Amino acid sequence: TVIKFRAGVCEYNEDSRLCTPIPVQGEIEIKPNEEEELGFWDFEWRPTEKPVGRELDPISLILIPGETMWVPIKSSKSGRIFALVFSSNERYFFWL
């Protein structure tokens, strides 16, 4: 049952090395893992909403409280960007 929801991603700037929220809203897709093996609510994102001059694409997101660390706030001035980082390079940032 790949359900669908509405959230946002997080673009990064190499000139300042920062992770701000993307102006595009797009949407996510709740998924019960590829075959309900890890019970991981795979969240598939995709440009299916109203963008703002920034063309994006589908981004497979994962949710594991026992593997990827949950980062709702990165100290300093920050609204609410839920970012999950594992250890190698599977670290994505999201904002609602």
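Thresholds applied
- Residues numbered from 1 in each chain as written, not as in the entry; some residues may be left out.
- Heavy atoms only, no water.
- Helix = DSSP H or I, 4+ residues; strand = E, 2+ residues; numbered from the N terminus.
- Buried < 20%, exposed > 50% of the residue type's maximum accessible area, 1.4 Å probe, protein only.
- Core = buried A, V, L, I, M, F, W, Y, C linked by side-chain atoms within 4.5 Å.
- Contact = heavy atoms within 4.5 Å.
- Pairing = 2+ DSSP bridges.
- Salt bridge = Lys/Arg side-chain N within 4 Å of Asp/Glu carboxyl O.

J.: I'm lost on unusual backbone geometry in this one. Help?
T.: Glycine aside, residues mostly have negative phi angles, and peptide bonds mostly take the trans form. One non-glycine residue with positive phi stands out, namely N33, at about 65°. Here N33 lies in the loop between β4 (28-32) and β5 (41-45). In the Ramachandran plot, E36 falls in the positive-phi region, its phi being about 50° despite a non-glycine side chain. Residue placement: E36 occurs in the loop between β4 and β5. The class of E36 is exposed, set by a relative accessible area of 58%.

J.: When you look at the nonpolar core in this model, what are you seeing that I'm missing?
T.: Counting 11 residues, the largest nonpolar core consists of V9, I22, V24, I28, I30, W45, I59, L61, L63, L84 and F94. For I28, the residues in contact, after removing those within four places along its chain, are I3, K4, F5, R6, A7, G8, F43, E44, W45 and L61. Formed by five residues, the second largest nonpolar core is a distinct cluster that contains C10, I81, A83 and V85.

J.: Can you walk me through the sheet that holds strand β9 (residues 92-93) in this structure?
T.: The pairing of strands in a sheet happens through backbone hydrogen bonds and is either parallel or antiparallel. Read from one edge to the other, the open sheet built from three strands follows the order β7-β8-β9, with strand pairing classed as antiparallel. Where the open sheet ends on each side, the last strands, each with one partner, are β7 (69-71) and β9. In the sheet, strand β8 (residues 83-85) pairs with β9 via two bridges, with the strands oriented antiparallel. Within β9, the residue paired with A83 across the bridge is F93.

J.: Quick question: what am I supposed to make of the pattern of salt bridges here?
T.: As a working rule, side chains carrying opposite charge can pair if their charged atoms are close by. Inspection of the entire model under this criterion finds three salt bridges. When the shortest N-O distance is used, the salt bridge between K4 and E29 registers 2.9 Å. Here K4, found in strand β1 (residues 3-5), pairs with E29, found in strand β4; they are 25 residues apart in sequence, far enough to count as distant. Among the salt bridges present, the one from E49 reaches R6, with a minimum N-O distance of 3.1 Å. Residue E49 is found in the loop between β5 and β6 (59-61), and its partner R6 is found in the loop between β1 and β2 (11-13); the two are separated by 43 residues along the sequence. Its relative accessible area of 21% is what places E49 among the partly exposed residues. Taking relative accessible area as the criterion, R6 reaches 54% and is therefore assigned exposed. Residues participating in the shared-partner salt-bridge network are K4, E29 and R46.

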